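Here is the structure we will look at.
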Amino acid sequence: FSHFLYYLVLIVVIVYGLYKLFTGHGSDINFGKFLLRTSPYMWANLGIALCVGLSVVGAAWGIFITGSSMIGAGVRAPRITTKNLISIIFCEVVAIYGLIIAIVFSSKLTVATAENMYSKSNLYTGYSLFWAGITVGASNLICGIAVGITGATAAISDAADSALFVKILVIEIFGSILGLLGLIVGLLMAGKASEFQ
Amino acid sequence: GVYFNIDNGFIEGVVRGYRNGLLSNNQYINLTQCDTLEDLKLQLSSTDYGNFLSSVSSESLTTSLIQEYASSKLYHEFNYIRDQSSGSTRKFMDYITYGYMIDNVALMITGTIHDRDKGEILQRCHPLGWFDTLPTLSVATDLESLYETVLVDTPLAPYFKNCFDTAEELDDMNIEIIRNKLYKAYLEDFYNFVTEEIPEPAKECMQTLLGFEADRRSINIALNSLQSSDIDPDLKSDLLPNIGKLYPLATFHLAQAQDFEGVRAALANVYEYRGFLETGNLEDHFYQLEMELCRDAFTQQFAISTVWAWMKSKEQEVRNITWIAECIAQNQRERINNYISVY
Amino acid sequence: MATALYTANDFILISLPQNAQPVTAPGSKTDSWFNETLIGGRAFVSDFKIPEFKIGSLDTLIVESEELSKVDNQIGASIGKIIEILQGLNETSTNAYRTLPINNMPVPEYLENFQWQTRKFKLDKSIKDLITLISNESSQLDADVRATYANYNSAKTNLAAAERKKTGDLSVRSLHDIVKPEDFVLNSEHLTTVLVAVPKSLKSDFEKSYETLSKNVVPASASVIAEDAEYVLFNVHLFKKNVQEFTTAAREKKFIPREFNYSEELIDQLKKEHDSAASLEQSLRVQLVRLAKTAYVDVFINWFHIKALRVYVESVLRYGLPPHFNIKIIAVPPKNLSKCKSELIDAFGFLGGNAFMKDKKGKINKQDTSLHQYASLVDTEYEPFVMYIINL
Amino acid sequence: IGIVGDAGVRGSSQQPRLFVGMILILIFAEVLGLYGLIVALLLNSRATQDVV
């Protein structure tokens with residue numbers, strides 16, 4: 001039924017675009033004026049909220065992936081249940097990344113005067129906070145899921161042999177590069193963005 | 001591997017823990033050095049079997065009681081893993097036990113033709129293939145009054161689709177036909193279940209583990225039909241499963257295989273089963289290939305095929321322990337190293 | 001009805017006390033009731049009364065009932081097997097042997113003249129030996145039918161085999177339909193004959209290659225002695241040493257040798273084998289139909305005697321007095337069985353006792369459930385007065 | 001009506017008394033469409049009532 005709706009929305013978009021284009025009014029579907037006239041606080045607050053939301057839905061994702069297999073693998077070998085908690089920690093740090101980026105973004109969130117409200121800088125710092133919240137929340141989502149998967153494999157290879165956890169912790173390190181790189185990119189994107197003035 | 005650990009997180013990690021109790025080659029060599037069944041019990045007590053024969057105490061300890069209790073703890077571990085299963089996993093666990101239900105049906109309705117007592121033909125039945133109307137197969141002789149009375153409410157009921165009851169009640173010749181045909185329809189249904197609802201990493205490595213069951217059953221049907229069967233190939237082709245690696249070209253030549261060479265030249269064209277019928281024990285070839293296919297099903301992580309690969313490996317472990325304890329109790333040690341160890 | 005098909009007369013056997021009264025129609029006699037009241041007045045009621053035999057004791061009465069139940073089944077098993085065979089062959093109606101005349105008298109009429117028939121059975125023999133006697137006759141007659149039918153299947157196997165030799169296909173086909181001295185050699189010190197079964201395409205290839213294929217082969221020996229439809233059969237004359245070399249070289253080419261070698265005694269013995277198979281089957285078939293009708297009439301008489309005896313005996317046991325019991329057999333018209341069973345149950349059931357009375361009325365002929373089907377044997381339910389339902 | 005009728009004619013051959021129960025459940029299943037008929041008739045009676 002979802003494929004029927006995906007086809008129906010596509011057919012309605014094609015029929016509306018071709019009807020609007022054939023009648024000489026095709027510039028009325030104006031995405032640029034939509035970007036110019038929507039409020040920058042929508043993009044800013046939506047970016048902050050999706051940053052701290054999608055970091056947590058990746059952190060909590062990885063936490064259950066390498067938590068349920070840690071508890072399952074700890075039934076026969078209970079000497080992993082404290083040492084291997086660093087796999088919970090590596091997928092938990094992607095939430096503090098999104099938190100400390102969301103607070104730094106919300107510091108740039110003041111009341112702009114209505115005479116200069118849809119200005120160049122106010123609209124720039126809405127766009128920048130939106131996409132720099134998206135590129136941090138999604139990167140921490142994907143990093144949390146990857147660290148959870150490579151910690152769920154580590155929690156079972158630890159219970160197999162003790163000398164394997166040191167060898168497969170390296171894969172968790174290379175997986176946890178990603179959230180820190182998103183942490184860097186989201187600070188470079190909203191680095192030149194000013195407050196709302 | 002992103003949606004696996006929702007319902008299957010605890011289930012895999014315990015089965016992965018059950019995998020680490022598989023006896024290695026050194027733990028088998030330490031069992032072949034034993035002199036007494038008591039020494040073999042004490043050697044198994046240092047493994048993850050520890051104190052499973054504790055209520056025996058060195059006097060009533062036979063080589064069949066070891067095979068009883070070592071498989072009984074396999075069955076209780078399987079029931080513990082099945083009780084924590086839900087959804088598609090629990091249905092996958094039920095589909096494993098259906099193949100043991102078929103063997104218990106075919107073992108229960110041969111104990112009534114020979115008029116053996118119902119209390120002793122059920123202790124030989126398999127505990128995982130238990131359904132609630134299994135003792136009540138001792139009520140009728142013909143196939144129709146055992147289907148329409150007992151086997152309709154069983155989950156073996158869709159598998160009676162080609163068993164043609166010509167009002168001949170039962171000899172020992174057609175119960176094997178009913179057994180092979182139920183197992184044929186079951187292999188079809190469980191392959192379609194694996195292809196349909198089981199996710200993709202546990203799909204490709206389970207279709208191979210199940211097509212191997214189909215190929216082994218095809219070769220065993222087409223090779224046991226030489227000695228104790230005189231049947232037509234059009235009636236023999238209803239016994240061979242059509243899911244495997246061996247079906248579309250080679251089970252045709254196994255259907256019209258009237259001689260041993262009709263089997264051997266049919267299995268020479270398939271690439272991974274050639275050389276099985278040349279040298280050595282054929283049953284050991286199939287068990288070795290089963291363990292080599294179950295070994296590389298543990299190497300894929302987020303898969304529910306690890307349950308199948310665990311319980312078949314643990315059954316081979318119980319068979320190897322039973323073979324060793326049969327060797328060290330009857331004082332024959334010429335083939336004590338005929339066990340199969342890939343772990 | 002529509003849960004069962006009937007198209008032949010159906011029977012219910014009842015025995016009741018001669019002092020009885022129906023409470024479905026108070027103010028009626030049981031005999032008057034059967035004719036007038038019962039299923040819309042369309043019941044045909046027939047005589048079925050038999051007198052007293054000699055009863056051992058009360059004690060003996062018990063032993064007799066048990067046997068009667070058992071022998072009744074067994075005869076029933078036999079008569080079903082004879083009918084199934086006559087029907088199976090379709091050389092006699094499949095649409096009769098439910099209301100096919102016994103002693104060339106229609107079946108409801110046959111029961112009407114049934115008062116205890118004499119063939120070997122008299123009212124001055126003891127009841128235990130009549131139960132025994134009857135069963136021995138029934139078992140002998142059926143065992144005979146089973147043996148002749150057994151023989152008829154072994155004969156069918158032989159006729160197919162023999163026929164295949166006479167013209168079939170070359171993978172067992174042995175030759176005796178060609179008997180020529182120009183296509184085979186005999187009385188020969190150096191030569192022999194090897195027959196080669198060749199695919200039709202490959203016929204040309206065979207014709208070219210054979211002389212050079214083995215060494216020392218009679219040339220211009222190729223003749224088509226026989227042909228099927230898939231294969232062509234050739235005769236080749238060659239050296240006895242060289243036969244091994246031809247069979248082996250031929251297989252590589254995709255020719256199939258048929259190992260045959262000319263001798264008179266083999267040819268004669270193949271033709272006889274075919275002849276004896278045909279003769280055996282044909283004799284067996286006529287013997288099988290004649291025997292089955294004759295055995296069927298005798299077993300019918302035997303079976304109804306056990307049903308008559310049984311119902312009387314069971315009455316004597318359950319009711320005691322009166323010493324003579326009123327037995328009637330009612331021939332029911334097709335599809336009015338359900339209505340019949342109910343009216344008798346309502347009317348007479350009260351005499352057997354309230355404890356005895358259970359409601360599970362109705363009938364399921366399909367295998368969906370096994371409730372709703374009366375018989376005193378089962379603990380599930382019981383008949384509430386001596387009633388047997390007879391379905392031919 | 002389709003679900004009740006399938007489940008009732010597959011089981012009414014086994015039990016002959018189930019027919020008067022199947023008819024009774026199908027009456028409740030057909031009154032479900034009779035209700036839509038009543039709503040449609042009462043709507044269509046007012047489609048042109050006070051219309052300018």
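Chain labels run A, B, ... following the order of the structure tokens; each chain numbers its residues from 1, and ligands are numbered from 1 in the order shown.
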Within 8 Å of segment 110-123 of chain B using only C-alpha atoms, minus same-chain residues under 6 positions, as a PDB file with C-alpha atoms, in the first residue's frame:
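selection29.pdb written:
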```
ATOM      1  CA  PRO B 135       0.630 -41.094  20.975  1.00  0.00           C
ATOM      2  CA  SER B 138      -1.691 -45.933  17.477  1.00  0.00           C
ATOM      3  CA  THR B 141      -3.734 -48.578  10.373  1.00  0.00           C
ATOM      4  CA  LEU B 170      -0.018 -50.052   5.597  1.00  0.00           C
ATOM      5  CA  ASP B 171       2.956 -52.280   5.025  1.00  0.00           C
ATOM      6  CA  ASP B 172       6.542 -51.281   5.756  1.00  0.00           C
ATOM      7  CA  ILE B 175       5.353 -45.885   5.234  1.00  0.00           C
TER       8      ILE B 175
END
```
Once you count only C-alpha atoms, which residues of chain B turn out to be within 12 Å of chain A? Could you give them as a PDB file with C-alpha atoms, in the first residue's frame?
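Produced file selection-v3.pdb, reproduced below:
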```
ATOM      1  CA  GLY B   1      22.449  -6.493  10.677  1.00  0.00           C
ATOM      2  CA  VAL B   2      20.783  -3.197  11.574  1.00  0.00           C
ATOM      3  CA  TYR B   3      17.380  -4.621  12.611  1.00  0.00           C
ATOM      4  CA  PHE B   4      18.590  -7.999  13.891  1.00  0.00           C
ATOM      5  CA  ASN B   5      19.114  -7.394  17.614  1.00  0.00           C
ATOM      6  CA  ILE B   6      15.581  -6.111  18.285  1.00  0.00           C
ATOM      7  CA  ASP B   7      14.104  -9.572  18.822  1.00  0.00           C
ATOM      8  CA  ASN B   8      17.248 -11.653  18.193  1.00  0.00           C
ATOM      9  CA  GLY B   9      19.903  -9.892  20.268  1.00  0.00           C
ATOM     10  CA  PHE B  10      19.783 -12.126  23.324  1.00  0.00           C
ATOM     11  CA  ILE B  11      18.993 -15.205  21.211  1.00  0.00           C
ATOM     12  CA  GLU B  12      22.149 -15.063  19.089  1.00  0.00           C
ATOM     13  CA  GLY B  13      24.619 -14.243  21.866  1.00  0.00           C
ATOM     14  CA  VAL B  14      23.542 -17.271  23.887  1.00  0.00           C
ATOM     15  CA  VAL B  15      23.691 -19.491  20.773  1.00  0.00           C
ATOM     16  CA  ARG B  16      27.101 -17.967  20.025  1.00  0.00           C
ATOM     17  CA  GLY B  17      27.943 -18.905  23.602  1.00  0.00           C
ATOM     18  CA  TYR B  18      26.598 -22.398  22.947  1.00  0.00           C
ATOM     19  CA  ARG B  19      28.925 -22.533  19.928  1.00  0.00           C
ATOM     20  CA  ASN B  20      31.982 -22.083  22.154  1.00  0.00           C
ATOM     21  CA  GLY B  21      31.096 -25.340  23.911  1.00  0.00           C
ATOM     22  CA  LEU B  22      31.608 -27.286  20.691  1.00  0.00           C
ATOM     23  CA  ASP B  48      30.637 -27.380  28.933  1.00  0.00           C
ATOM     24  CA  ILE B  81      16.385 -20.746  22.867  1.00  0.00           C
ATOM     25  CA  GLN B  84      12.805 -16.665  24.090  1.00  0.00           C
ATOM     26  CA  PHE B 298      28.866 -19.089  12.074  1.00  0.00           C
ATOM     27  CA  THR B 299      31.217 -16.763  10.212  1.00  0.00           C
ATOM     28  CA  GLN B 300      28.289 -14.557   9.158  1.00  0.00           C
ATOM     29  CA  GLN B 301      27.282 -12.641  12.255  1.00  0.00           C
ATOM     30  CA  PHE B 302      23.747 -11.237  12.231  1.00  0.00           C
ATOM     31  CA  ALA B 303      22.003 -14.371  11.019  1.00  0.00           C
TER      32      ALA B 303
END
```
Could you give me, as number ranges by chain, the residues within 10 Å of residue 201 of chain C, counting only C-alpha atoms and dropping anything in the same chain fewer than 6 positions from it?
C: 230-232
Based on DSSP run over this structure's backbone, return all residues of segment 16-197 of chain A in helix (DSSP H, G or I), as a VMD selection string. chain A and resid 16 to 22 26 to 28 31 to 37 40 to 73 78 to 80 83 to 106 120 to 160 162 to 189
Shell around residue 96 of chain A at 9 Å using only C-alpha atoms, local window under 3 positions removed, as number ranges by chain: A: 52, 55-56, 92-93, 99-101
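Residues in contact range of residue 167 of chain C, defined as at most 9 Å between only C-alpha atoms, with sequence neighbours fewer than 6 positions away removed, read residues 173, 174, 175, 177, 226, 227 and 228 of chain C.
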Selection from above, C-alpha atoms, as a PDB file, in the first residue's frame, can you write it?
```
ATOM      1  CA  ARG C 173      12.336 -57.569 -26.329  1.00  0.00           C
ATOM      2  CA  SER C 174      13.265 -61.209 -27.259  1.00  0.00           C
ATOM      3  CA  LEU C 175      12.579 -62.476 -30.613  1.00  0.00           C
ATOM      4  CA  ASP C 177       8.014 -63.576 -34.031  1.00  0.00           C
ATOM      5  CA  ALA C 226      12.012 -56.112 -36.800  1.00  0.00           C
ATOM      6  CA  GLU C 227      11.195 -52.519 -36.099  1.00  0.00           C
ATOM      7  CA  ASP C 228       9.344 -50.841 -33.295  1.00  0.00           C
TER       8      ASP C 228
END
```
Excluding same-chain residues fewer than 2 positions from residue 183 of chain C, what lies within 12 Å of it counting only C-alpha atoms, as an mmCIF file with N, CA and C atoms, in the first residue's frame?
```cif
data_model
loop_
_atom_site.group_PDB
_atom_site.id
_atom_site.type_symbol
_atom_site.label_atom_id
_atom_site.label_comp_id
_atom_site.auth_asym_id
_atom_site.auth_seq_id
_atom_site.Cartn_x
_atom_site.Cartn_y
_atom_site.Cartn_z
ATOM 1 N N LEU C 175 13.146 -62.347 -29.304
ATOM 2 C CA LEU C 175 12.579 -62.476 -30.613
ATOM 3 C C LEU C 175 12.193 -63.867 -30.871
ATOM 4 N N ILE C 178 10.030 -63.577 -35.621
ATOM 5 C CA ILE C 178 10.857 -63.752 -36.731
ATOM 6 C C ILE C 178 11.534 -65.058 -36.320
ATOM 7 N N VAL C 179 11.544 -65.980 -37.338
ATOM 8 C CA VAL C 179 11.946 -67.329 -37.214
ATOM 9 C C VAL C 179 12.660 -67.817 -38.454
ATOM 10 N N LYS C 180 12.977 -66.848 -39.305
ATOM 11 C CA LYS C 180 13.675 -67.129 -40.486
ATOM 12 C C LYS C 180 15.066 -67.719 -40.369
ATOM 13 N N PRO C 181 15.469 -68.620 -41.258
ATOM 14 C CA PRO C 181 16.819 -69.238 -41.331
ATOM 15 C C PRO C 181 17.773 -68.378 -42.238
ATOM 16 N N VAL C 185 21.601 -67.937 -38.069
ATOM 17 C CA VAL C 185 22.417 -69.073 -38.424
ATOM 18 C C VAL C 185 22.275 -70.038 -37.264
ATOM 19 N N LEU C 186 22.419 -71.383 -37.578
ATOM 20 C CA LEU C 186 22.232 -72.353 -36.558
ATOM 21 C C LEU C 186 22.929 -73.528 -37.173
ATOM 22 N N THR C 192 27.920 -67.252 -35.419
ATOM 23 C CA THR C 192 26.861 -66.830 -34.510
ATOM 24 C C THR C 192 26.156 -65.627 -34.965
ATOM 25 N N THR C 193 25.116 -65.139 -34.279
ATOM 26 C CA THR C 193 24.347 -63.974 -34.636
ATOM 27 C C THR C 193 24.240 -63.080 -33.439
ATOM 28 N N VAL C 194 24.416 -61.740 -33.632
ATOM 29 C CA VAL C 194 24.281 -60.734 -32.551
ATOM 30 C C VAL C 194 23.288 -59.774 -33.160
ATOM 31 N N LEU C 195 22.244 -59.360 -32.368
ATOM 32 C CA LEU C 195 21.162 -58.445 -32.789
ATOM 33 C C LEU C 195 21.494 -57.135 -32.218
ATOM 34 N N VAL C 218 30.252 -61.107 -41.282
ATOM 35 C CA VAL C 218 29.605 -61.546 -42.535
ATOM 36 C C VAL C 218 29.077 -60.344 -43.222
ATOM 37 N N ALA C 220 26.892 -58.163 -46.040
ATOM 38 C CA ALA C 220 25.526 -58.220 -46.478
ATOM 39 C C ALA C 220 24.706 -59.020 -45.593
ATOM 40 N N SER C 221 24.959 -58.899 -44.250
ATOM 41 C CA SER C 221 24.103 -59.482 -43.259
ATOM 42 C C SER C 221 23.088 -58.526 -42.716
ATOM 43 N N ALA C 222 23.164 -57.205 -42.943
ATOM 44 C CA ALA C 222 22.177 -56.272 -42.458
ATOM 45 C C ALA C 222 20.822 -56.455 -43.041
ATOM 46 N N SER C 223 19.789 -56.754 -42.192
ATOM 47 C CA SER C 223 18.423 -56.895 -42.663
ATOM 48 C C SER C 223 17.671 -56.352 -41.531
ATOM 49 N N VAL C 224 16.455 -55.784 -41.763
ATOM 50 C CA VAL C 224 15.663 -55.251 -40.704
ATOM 51 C C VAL C 224 14.769 -56.422 -40.486
ATOM 52 N N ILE C 225 14.969 -57.154 -39.377
ATOM 53 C CA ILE C 225 14.184 -58.317 -38.962
ATOM 54 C C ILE C 225 12.952 -57.829 -38.302
ATOM 55 N N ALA C 226 13.058 -56.700 -37.576
ATOM 56 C CA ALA C 226 12.012 -56.112 -36.800
ATOM 57 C C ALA C 226 12.223 -54.668 -36.598
ATOM 58 N N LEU C 233 15.963 -53.070 -35.501
ATOM 59 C CA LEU C 233 16.568 -54.256 -35.095
ATOM 60 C C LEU C 233 17.141 -54.867 -36.360
ATOM 61 N N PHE C 234 18.448 -55.140 -36.171
ATOM 62 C CA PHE C 234 19.313 -55.709 -37.242
ATOM 63 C C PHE C 234 19.844 -57.044 -36.914
ATOM 64 N N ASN C 235 20.138 -57.906 -37.894
ATOM 65 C CA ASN C 235 20.799 -59.139 -37.537
ATOM 66 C C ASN C 235 22.185 -58.997 -38.178
ATOM 67 N N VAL C 236 23.211 -59.509 -37.527
ATOM 68 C CA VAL C 236 24.607 -59.413 -38.016
ATOM 69 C C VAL C 236 25.050 -60.831 -37.727
ATOM 70 N N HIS C 237 25.894 -61.388 -38.695
ATOM 71 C CA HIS C 237 26.478 -62.631 -38.534
ATOM 72 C C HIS C 237 27.945 -62.296 -38.430
ATOM 73 N N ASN C 261 20.821 -64.944 -29.460
ATOM 74 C CA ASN C 261 21.638 -65.856 -30.154
ATOM 75 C C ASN C 261 20.699 -66.945 -30.540
ATOM 76 N N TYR C 262 20.752 -67.468 -31.766
ATOM 77 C CA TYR C 262 19.635 -68.292 -32.282
ATOM 78 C C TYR C 262 19.726 -69.711 -31.780
#
```
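Atom pair atom CA of residue 5 of chain C / atom CA of residue 335 of chain C has a distance of 7.4 Å (rounded to one decimal).
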Residues within 12 Å of residue 158 of chain B, only C-alpha atoms, excluding chain neighbours under 3 positions, as a VMD selection string: chain B and resid 98 147 151 to 155 161 to 163 181 to 186 188 to 190
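The space between atom CA of residue 330 of chain B and atom CA of residue 290 of chain B spans 27.9 Å.
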Practice item. Name the residues of segment 272-377 of chain C that come out as strand (DSSP E) in a backbone DSSP run; write them as a PyMOL selection string. Key: chain C and resi 326-332
Could you work out how far atom CA of residue 156 of chain B lies from atom CA of residue 102 of chain B, giving the answer in Å with one decimal?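 Rounded to one decimal, the two atoms are 7.5 Å apart.
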